[PDB]
Structure formats: structure tokens, C-alpha cells
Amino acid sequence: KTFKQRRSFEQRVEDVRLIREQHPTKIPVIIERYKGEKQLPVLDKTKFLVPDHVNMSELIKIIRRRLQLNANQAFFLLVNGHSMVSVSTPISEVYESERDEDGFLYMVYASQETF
């Protein structure tokens, strides 16, 4: 069961509302593994709050360090079910253009560029 299946729409919108009362500039990001990925490990946690000014290469480098991936392993992020943005892009601009109708920014990761 994915995050969207676990929590209802009403509950997810409330989550986002609550968390941005506390942290008005931080980005609520849902990070999950792509259903078909076997090589990369599932992340310990799903819900992340990330600062506005962090860019995508910084975000991927964080997650790589959390997962202790060795240097030769590939790591790709697919956003909102379709978007592979430039890694130079701050996560705040991604949230502006790619956030879900519930207020979360959904991503999935994999080690293959196809999805």
C-alpha cells in the first residue's frame, strides 16, 4: 500500500495545512520507491519536510547518503508521475509547478531512467 492508499484525501490536505502552519516555507515531499525497482532499498521514512532553497542534486545527495549507496549506483527521481527536472532547480520551484492536488510533492526513485 502506497501513501495515497493509506491516508485519505481529506487527511492528506489536513496534514499539509497543519505542517505549513508550523513551517510556512518548508516543502512537504512524499518520497517512495518506484514499484518495479529491486536494487535500491526502501526508505525508512516516507514524509519529508525540506527547505525551500535545497535543489534537486542536493536532495538526491541527501537520500544517497541516507541509503549509503556506493558511488557507481545510479539514482533518479521522477516527480508528480512524469517530471524529470534539471538538478539545478530549487525544490521550491518544483513545488510551485508540480505539487499534487493534496498539497504534497510526490516523488519516486529508481536506478533506471525509464519508469
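Note that residue numbering follows the sequence shown and begins at 1.
Chemist: State which stretch shows the higher mean Cα B factor in the entry: 93-101 or 6-14.
Modeler: It is 6-14 that shows the higher mean C-alpha B-factor.
Chemist: Quick check for you: using the entry's CA B-factors within this chain, is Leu67 in the lowest, middle or highest third?
Modeler: According to the entry, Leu67 has a C-alpha B-factor in the chain's middle third.
Chemist: When the modelled residues of the chain are sorted by Cα temperature factor, does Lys35 land in the lowest, middle or highest third?
Modeler: Highest third - that is where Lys35 ends up once the chain's C-alpha B-factors are sorted.
Chemist: Against its chain's modelled residues, does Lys61's Cα B factor rank lowest, middle or highest third?
Modeler: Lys61: CA B-factor falls in the middle third of its chain.
Chemist: With respect to C-alpha B-factor, does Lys47 fall in the lowest, middle or highest third of the chain as deposited?
Modeler: Within its chain, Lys47 is a middle-third residue by C-alpha B-factor, going by the deposited values.
Chemist: Tell me, lowest, middle or highest third: where does the Cα B factor of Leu78 rank within its chain?
Modeler: It falls in the bottom third of the chain.
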